[PDB]
Each structure stands twice: as C-alpha cells, then as structure tokens.
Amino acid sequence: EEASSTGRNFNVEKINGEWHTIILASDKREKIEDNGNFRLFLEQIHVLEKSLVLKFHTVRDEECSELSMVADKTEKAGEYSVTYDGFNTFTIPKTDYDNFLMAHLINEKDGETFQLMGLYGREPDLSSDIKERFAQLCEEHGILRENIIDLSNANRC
C-alpha cells in the first residue's frame, strides 16, 4: 500500500528507521548543489509522539559531518515544520513505507521561498521505475528534470 502523510490511512510509525537520500530536487537548484545547505543525506527518521527526529550528514571538501533536526507536527495533519536555514514546512505526498519516501518541502528565508523535493529509499539506491515516478511528481510541482539531482553515487561517507 502507498500513502500520503496528509491522507486518512497514513501510518506515521511505518516511516520510522533507516533511510537514504536518493534524489533531491528544487526550483532553486543552488540549494542542493555541491555546497548548498539543503544537500542533506538522510540517515534515519525517529518517529515520536508529535515530532520526527531527522538525522542527516552533510559533505564539505569530502568530509562528512552529522546533523539532527526535530520536525514538529503543525496544525495540518501530515505536515511538519522545522527551523533550518529559515523556516520550513513539509509533507510526504507519497511513500510505500518499505522502499521509498517522497517529501515536498517549502522553505522561507529572508522574505523569500523555494520548493525542495526529496526521494529517500530504505536501501542506498532505488529502481529506475521509482526514480521516474519521482520525476513525474516533481513535474506536478513545476520542477524541471534539469533541477533534479540523483545523489545515489554520493550518499555514503
């Protein structure tokens, strides 16, 4: 079964655990390029009562550094918010729990905004079919494929 965090049958506990950043996308490409603050390699999600603890690592000159964030449920079911390089809110428009998870995030900083979409997998890579389904979801949000970056060959330290 596949669900959306904003959907009725969403079971948040099933997204608990190991995850890896497979692809990142944004309508402001620089945010996810080599030294962008949003090029985050997810490692795990810990589901709590009213929040999610996210553990990522970033890379600089080939050196990895850890970083955690706490995303809190907002008043919309399926939506979370977190402060990180501005104010962010995000939902999970699609996940199948066992293989992939697709997130859509809105960042607001200095009075501006931008969209970020991420494809995460239980293993360090995903099938080309799942990657194509992710490209279609990006297109539904006005994000061009040239703004979609596959990081599956650079997500392990």
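We number the residues from 1 along the sequence you see.
On average the C-alpha atoms of 62 to 70 have higher B-factors than those of the other stretch, with 62 to 70 and 118 to 126 being the two compared. Checked against the record, the higher mean CA B factor of 145 to 153 and 132 to 140 lies with 145 to 153.
Going by the entry's values, 35 shows the largest Cα B-factor out of 35, 26, 88, 113. Remark: of 40, 48, 45, 105, 48 shows the highest value [criterion: C-alpha B-factor in the PDB entry].
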